[PDB]
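Take a look at the structure below.
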Amino acid sequence: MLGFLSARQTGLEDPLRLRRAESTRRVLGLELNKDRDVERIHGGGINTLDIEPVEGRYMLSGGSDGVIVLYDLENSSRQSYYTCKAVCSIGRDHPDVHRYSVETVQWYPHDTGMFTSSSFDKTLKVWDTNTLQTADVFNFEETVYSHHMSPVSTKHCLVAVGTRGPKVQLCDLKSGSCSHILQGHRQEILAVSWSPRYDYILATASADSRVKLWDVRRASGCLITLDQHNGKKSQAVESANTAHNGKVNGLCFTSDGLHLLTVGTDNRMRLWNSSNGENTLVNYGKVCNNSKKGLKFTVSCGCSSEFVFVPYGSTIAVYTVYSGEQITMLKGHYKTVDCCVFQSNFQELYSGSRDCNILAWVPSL
Amino acid sequence: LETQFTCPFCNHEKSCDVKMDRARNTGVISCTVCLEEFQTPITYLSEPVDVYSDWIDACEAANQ
Amino acid sequence: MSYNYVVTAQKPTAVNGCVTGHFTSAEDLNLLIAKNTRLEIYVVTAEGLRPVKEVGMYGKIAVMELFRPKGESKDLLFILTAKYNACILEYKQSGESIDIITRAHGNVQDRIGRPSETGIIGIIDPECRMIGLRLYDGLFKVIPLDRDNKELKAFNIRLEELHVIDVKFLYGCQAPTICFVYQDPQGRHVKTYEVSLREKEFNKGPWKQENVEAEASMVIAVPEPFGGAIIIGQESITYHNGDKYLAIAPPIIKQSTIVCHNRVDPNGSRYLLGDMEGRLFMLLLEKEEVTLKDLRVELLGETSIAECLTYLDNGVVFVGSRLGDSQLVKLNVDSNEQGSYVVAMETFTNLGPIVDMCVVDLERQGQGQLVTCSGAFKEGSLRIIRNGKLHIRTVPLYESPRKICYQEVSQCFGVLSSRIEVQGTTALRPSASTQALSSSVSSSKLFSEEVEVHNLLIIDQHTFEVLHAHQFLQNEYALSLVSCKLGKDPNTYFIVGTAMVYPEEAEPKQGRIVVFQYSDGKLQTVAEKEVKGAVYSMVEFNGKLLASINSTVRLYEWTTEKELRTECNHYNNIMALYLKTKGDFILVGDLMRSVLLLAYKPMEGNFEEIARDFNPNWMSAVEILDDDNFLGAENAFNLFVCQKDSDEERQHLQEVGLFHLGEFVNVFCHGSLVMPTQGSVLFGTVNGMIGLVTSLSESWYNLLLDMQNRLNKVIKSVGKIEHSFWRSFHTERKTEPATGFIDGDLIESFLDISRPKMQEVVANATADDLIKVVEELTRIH
Amino acid sequence: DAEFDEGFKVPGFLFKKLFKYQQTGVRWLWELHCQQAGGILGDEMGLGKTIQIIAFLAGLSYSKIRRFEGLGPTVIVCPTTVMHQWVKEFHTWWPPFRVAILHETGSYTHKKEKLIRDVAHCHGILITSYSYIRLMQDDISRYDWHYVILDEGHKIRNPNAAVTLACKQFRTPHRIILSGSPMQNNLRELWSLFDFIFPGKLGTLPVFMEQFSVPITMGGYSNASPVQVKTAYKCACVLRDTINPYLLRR
DNA sequence: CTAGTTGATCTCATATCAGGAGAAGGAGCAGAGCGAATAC
Ligand SMILES: [Zn+2]
């Protein structure tokens, strides 16, 4: 590493080299945090986490008990040991608390003054973070499994919602229009994710073992349907062209948005060319998941090699996205891990699981 | 008396399964969807409705 | 909010790109040299180079290539900036007036994307149908040229290979054909595509992928008579044309990797190749009646460590260097009796990577003097800089200098240096450490291819001769150096922080702080202290030694027994790389937490974290301007000033100033090169620029700001790049406008405009008042 | 020639003939074509909506934008009483379009299936009646139509009529309606028209009714409780801005 | 050939406890029987 510092000082290597190499080294040295703790307030398992995209300071967490906790991740104390204190809380005494489990919570991109939370109580609530009051509510005829706002859209502000209905809802936060729907799936839509690269590209994964990419501006259904075999087993499109041999319960675009990682209940993760949905045949081995709802997993950013952190039983499996090589198992949870969210500023990880714990993984040394 | 119950946490109908371990006098109710689990003591007169009852009561008590 | 004035005392001198062609006139042979922000246009005369223009781009020139579209009388220049400002420029001379008109311009920054490891690549189709940019992994941006744009509209073609090493356009292909080397887990392969502008997509290349050398790192597009390409790797040179597969493995190129090339002849019968060790080779293509017969490589000789090189004519080669002085060398037909055909005609000074520098009032005048550790392995040297224009002496060390400190009592400089030995070990050349008057080696009881040997050079501060050269332990890297007297004894010591470097580990676990005293022309080891990590930085702190072992900033006291005893530690750092001091306060520059205002409370005897900045800036240097202003340099070429704000929120340092310098600042230092503004902080950069930061007053800063906006409205940039965008604080995960910083170069350009333009600037005091103000601003450097 | 942002060279000697609102309508139609969505030229009668359509399609053919080198086969479904008018309009604005009528009167004098095949094979401009769409709904929809223009598209106002189903059996993204009034009786007709032009934008008709039609009409009575009228106003605003970028009505 | 009249037919639109008996399935237990698996 002194070689890295010397090369940076002498201009031999771009500082990009040191930055991404050290980010990768930090991610590889991920371990149970020696001096850090997260305050425990959820009475039930944490189903979702979200660190705000700008300044990466505050973290939302939705629990199976319906409460939403807002934590400050910064060590505002002077000690090396600190607990991520809870700033705010939609608790059981809040007038607008979710009646059932909160399954997805997401900070509004471009601004930390608002966030959103969808629950199995058939509601997508939009909260003002300052007053901590519901600015809006969208009701659905069937329970919400996931939702996502575009991390890129300066123009549109649509929330793509996947419920147990076979339709992907698009709720306009600009003047409230939840009527827009996308047809083409056949069972519950367990995951939805906007492309970080393209403004109007949305990937939706449903229990019909299919993943569809939509240009929501378009009037002609999905753009691409992901196919495991890319055409080896080709059939007229009524039941073929499946992404997995089970329910596809998780989506994640890579950092650049040029590839898509789909995890399904066939104990398989697959990497897809996001421009034509071709399977890249990256192996990843066996990725154990049996979740009946959406599975939240994230990818690394700002590193020499991209990593993907997938909940794997009661562990976090870290894989290399483009080679599939298994990095490691982060092993500190006592029950199945529901979500993991990656802090890209310091290569940190926060994992929420059914054991009512949010565990922080920090690079060692 | 129904054996499958709506989950108080995710509101999914008939998603809760009840297991009566009589040998240990414990009933375990688990939601298949949101994976919420609850364990209560049971007697030989107990039924899945009683286990779901204890779960609802524990939820309301903990939410005070 | 803070008020700062940044001005370039010395313009950047390191050449990061050089291209030749007919830019100024159809008959002129121009040499365009890209120093970091400066584009220098020379005309290649029969002797030397005649400078015809020097323009200052609002951008770091990452790409610079000349191309002649069909029907164009003379070459157009394509420049891409590090912030992805693309511009096509034309040279228009109207008598005395010289103008670089922006024929086209645009910004090609993708909103998201992983910037490629091997860096920005820019190529132009040999028939000038398009510009191909590799800016991000997995993408290949294309700017069509047949569609004559004035906005440089571009489109991305998805490239299935995500780790592309190098790419070129092939010659003699009916369609724009790219040949590129890429890395996949199976190895490195060279593949070809044919780009289609109509279908906006790749098509199957003329010849299929071929598995190339593991370190195949360079692609050279051979001209039409041969066609195809040449791939240069660490160990072999191969030539592919689709069915011709020539290969050589010259043992003479094995010792160092080839990093640059240039085509000597228009038909590519000869190429120049520079290595990192400075060796210059000629690669000859032997033709047979045309196809290619056989490849030969012959060592022409040795030059400066060449970032780039360009054959001008008549055996003259411009060797543009980033690590040393640029050269204009002559390729003789016959050897010089030492096996070398290269003869240096001219040397252009280059303050290389200014890793460290000290301001000294040598000769006991009132004038400062910068002594800078400039350059690298073979081009390492000391540069002494004064105001006389700036006069620059050079003291070649022939080894990389790392740190420098002045010991006034001993009348010498302590310079940390590093040389490469190949084998027990053998020096590759006679370096300044080996040419000392006297020498010594450390015999420490604490610890018991090519390697770096680190030395402490005691250099006489009159003659700049190496009075002494103390070699350190085997596999020991000296990182920090400070000249100070500790405790209460009167002796002044050279205190050197070191680290034990072995290949088996990523972070040093061992190191020591060695206290030397230089007296009677000898360097006696006064004291040692085994510490458990690399001592990245040390500073004298109120008579004590404040050191930074890997993540711990700790304080040592100098006892009556002349040994170092720990007094206090602070552990809340990732790695404390940079340490500064003013009073009881310490400023800890961290690798990625970016600052920490620490305070040593003497009434108790420990540190206290007064404040911190929680933004994740990766640091290169740090300094303390005032009692409550803290200057810091981020590795993304930005300056930022943090301020102690005015509860726990008081522990948050507020970034009150932001600025994009465009240079990698390596060192700050209080001082000035001269005999209205408060303070003076000189800084040294990687591309050789020396700059100067001063604090301004509020009203004056506001007035200056106003002048900056007016000049931006008046002065026209070369690539039509907005000055605010150029100076906007930029990082891969953040982008903000410049605040709290005045661009001194732009203000000082107020002199170089005609009076009507001044009146345009000063539409809403008189112009003469502002001329006086800018003159006074120029006085400080 | 007038040029748009991405490049859509509407010819100058046609574009100059249009009026300002007509040129705005051509701009709007081509924005839809870039978004690959449909719309409703809901301009009331007498402004001239056929002129806008022929001008836009002529520009799309000359501009050679591309799938298809320029404009492909398009079908215009209009009432019989105006079919001949349409061909004359084309023949006076943009002659080189091989426009053809599908009718018993017609001009083909052979099998009509051969007319569909021949016209599609030449990327022609084919005009039908709504009845022919209904009757040959399986045959006419096999030749990859690039545009579908339902002139007087209020024939689709009923979401139950066989003409509605036959017209919604087309596959192209490009669906334009030329109707003087998108809705005539109630919001069933607005929903049907929007289900034509853009299948997914407004929800399924049950959802649409239960969200929009009942609250609006309940707030259309003067004895409504204040909450009812305020909800009706809000829901009307939501429907308005949802349909704003796809109904051009002047 | 060739247009105009005559009937049929379809679409569409206008509001407001005092049975019993037997056969088919599934359930849980009980054991038999054989493969592997320690182990003397
Ligand atoms: Zn549940």
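Residue numbers (this note's numbering), protein chains in the order written: chain A, 671 to 1035; chain B, 38 to 101; chain C, 36 to 816; chain D, 672 to 921.
Each residue gets a CB set at the ideal place from its N, CA and C atoms; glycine is no exception.
Secondary structure of residue i, DSSP reduced to three states
| i | result |
| --- | --- |
| residue 774 (chain D) | coil |
| residue 727 (chain D) | helix |
| residue 873 (chain D) | coil |
| residue 227 (chain C) | strand |
| residue 307 (chain C) | strand |
| residue 706 (chain A) | strand |
| residue 939 (chain A) | strand |
| residue 78 (chain B) | strand |
| residue 755 (chain D) | helix |
| residue 715 (chain C) | strand |
| residue 683 (chain A) | coil |
| residue 206 (chain C) | coil |
| residue 48 (chain C) | coil |
| residue 811 (chain A) | coil |
| residue 138 (chain C) | strand |
| residue 750 (chain D) | coil |
| residue 973 (chain A) | coil |
| residue 1014 (chain A) | coil |
| residue 161 (chain C) | coil |
| residue 912 (chain D) | helix |
Local Cβ density within 10 Å of residue i, reported as buried at 16 or more and exposed below that
| i | result |
| --- | --- |
| residue 851 (chain A) | buried |
| residue 908 (chain D) | exposed |
| residue 482 (chain C) | exposed |
| residue 794 (chain C) | exposed |
| residue 999 (chain A) | exposed |
| residue 829 (chain A) | buried |
| residue 732 (chain C) | exposed |
Beta bridge counterpart(s) of residue i as assigned by DSSP
| i | result |
| --- | --- |
| residue 1031 (chain A) | A:702 and A:1019 |
| residue 431 (chain C) | C:416 |
| residue 729 (chain A) | A:721 and A:741 |
| residue 712 (chain D) | D:849 and D:919 |
| residue 503 (chain C) | C:473 and C:493 |
| residue 55 (chain C) | C:66 |
| residue 880 (chain A) | A:876 |
| residue 743 (chain D) | Looking at the DSSP assignment, residue 743 (chain D) forms no beta bridge with any residue, so it has no partner. |
With distances taken from each beta carbon to the nearest heavy atom of ligand 1, which residues come in below 6 Å, in chain order? Matched residues: B:44, B:46, B:47, B:49, B:52, B:68, B:70, B:71 and B:73.
Taking only runs of the beta strand (DSSP E) that begin and end inside the region 345-385 of chain C, which ones reach a length of at least 3 residues, in chain order? If one requires a minimum length of 3 residues, the beta strand (DSSP E) runs lying completely within the region 345-385 of chain C are 351-356, 361-366 and 377-383, in chain order.
Taking only runs of the beta strand (DSSP E) that begin and end inside the region 584-658 of chain C, which ones reach a length of at least 3 residues, in chain order? If we require 3 residues or more, the beta strand (DSSP E) runs fully inside the region 584-658 of chain C come out as 587-593, 599-605, 611-617, 620-625, 631-636 and 641-647.
Runs of 3 residues minimum, wholly inside the region 775-805 of chain A: which ones carry the beta strand (DSSP E) assignment? Unbroken beta strand (DSSP E) stretches of 3 residues or longer found wholly inside the region 775-805 of chain A: 784-789 and 793-798, given in chain order.
Please give the ranges of any beta strand (DSSP E) in the region 839-876 of chain A, keeping only runs that are unbroken, at least 3 residues long and fully inside the region. As summarised for the region 839-876 of chain A, the continuous beta strand (DSSP E) elements at least 3 residues long and confined to that stretch are 861-864 and 871-876, given in chain order.
3-residue-minimum beta strand (DSSP E) runs that sit fully inside the region 527-580 of chain C, ordered along the chain: If we require 3 residues or more, the beta strand (DSSP E) runs fully inside the region 527-580 of chain C come out as 528-535, 546-554, 557-566 and 572-576.
3 or more residues per run - each beta strand (DSSP E) lying fully within the region 738-813 of chain C: Here the runs fully enclosed are 764-766, 769-771 and 776-778.
Suppose only complete runs of 3+ residues qualify. What are the beta strand (DSSP E) ranges in the region 312-340 of chain C, listed by chain order? DSSP runs (the beta strand (DSSP E)) wholly in the region 312-340 of chain C: 314-323 and 326-337.
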